[PDB]
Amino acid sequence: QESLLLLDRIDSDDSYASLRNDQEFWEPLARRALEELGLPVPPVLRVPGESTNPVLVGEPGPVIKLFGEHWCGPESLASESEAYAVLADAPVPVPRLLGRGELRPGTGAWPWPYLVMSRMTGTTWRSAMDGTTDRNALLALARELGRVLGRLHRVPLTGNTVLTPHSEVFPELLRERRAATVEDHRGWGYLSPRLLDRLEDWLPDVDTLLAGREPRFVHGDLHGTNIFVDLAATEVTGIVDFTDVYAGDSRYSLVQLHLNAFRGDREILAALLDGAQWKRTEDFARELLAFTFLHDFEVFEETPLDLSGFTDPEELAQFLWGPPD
């Protein structure tokens, strides 16, 4: 009975943003959900941090990921559902779907559908990197991640809507971001106004950047906490969050991986590329700067590098995506 008022308390974007990771709010709902699926209920069940969707982890138990109506929940749910269908036998360490359901019927109100998956072992990439001064082990781990990403890119695109060879979702997103990126970066204030004034002429056409490229399985949100590793064993133990997946260009994967998980470290980027035998071209840095601007997210939000005071976006491209010094 509590669920009716509790779920009715979310009716706007701001109202959903304030309660998406409210543990006191979601804990009883998540326990009832697990009971509804016939799954054992963990004694501890906690909201592990800032998630776009409401997420709770059981201490032994599984991961519950709920999807709202506001924060692109429906689209993200469709994407992750299709991705879990496509990843059924992928040679990549991903979680297994333990169940799915809806909290309430869903005719006049939002049904609040949810997925339940297995828990990945290891530590996040973010933790492992923030807790080591052993750069050699980190680079070896990055090469292993390069191998894993090379295999992930080649998972066959057997989906129905987003993960098909002929899907247009990724180019359409890229054109939309090509339109909005310069004003976005003016509002965000990561770079100098001169570079932003040169940007609109510097950036290429989407059709030109994507010409002749083959589609890959592109995880578009490879930040530091969607990747689970065992640093001591040089093992990638998990890759999660398929709410932003595309049949897209392999280079797009690198943006969030490098600017967020790698913190912009060009040496770690080089190790990752070495692991995948991803050969660098002359325009590689400029292409990846273009993909940096065409990304859906604010990828600079986590880059511990001051990019203000930058003219000649070519220099910015060489700085962010160039080879190691």
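Residue numbers run from 1 along the displayed sequence.
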Q.
Mean Cα B factor from the PDB record: higher for 154-162, or higher for 202-210?
A. 202-210
Q: Name the higher of the two by mean Cα B-factor in the PDB entry, 225-233 versus 105-113.
A: 105-113
Q) Based on what the PDB entry reports, which of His185, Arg147, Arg119, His219 has the top C-alpha B-factor? A) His185
Q. Which of these has the highest Cα B-factor in the record: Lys65, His70, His295, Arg263?
A. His70
Q) Among the chain's modelled residues, which third holds the C-alpha B-factor of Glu176? A) highest
(Q) Based on the deposited C-alpha B factors for this chain, I'd like to know if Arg32 is in the lowest, middle or highest third. (A) highest
**Q.** Cα B factor band for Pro74 (lowest, middle or highest third within the chain)
**A.** middle
Q. What third of the chain, by the recorded C-alpha B-factor, contains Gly189?
A. highest
Q. With respect to C-alpha B-factor, does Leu139 fall in the lowest, middle or highest third of the chain as deposited?
A. lowest
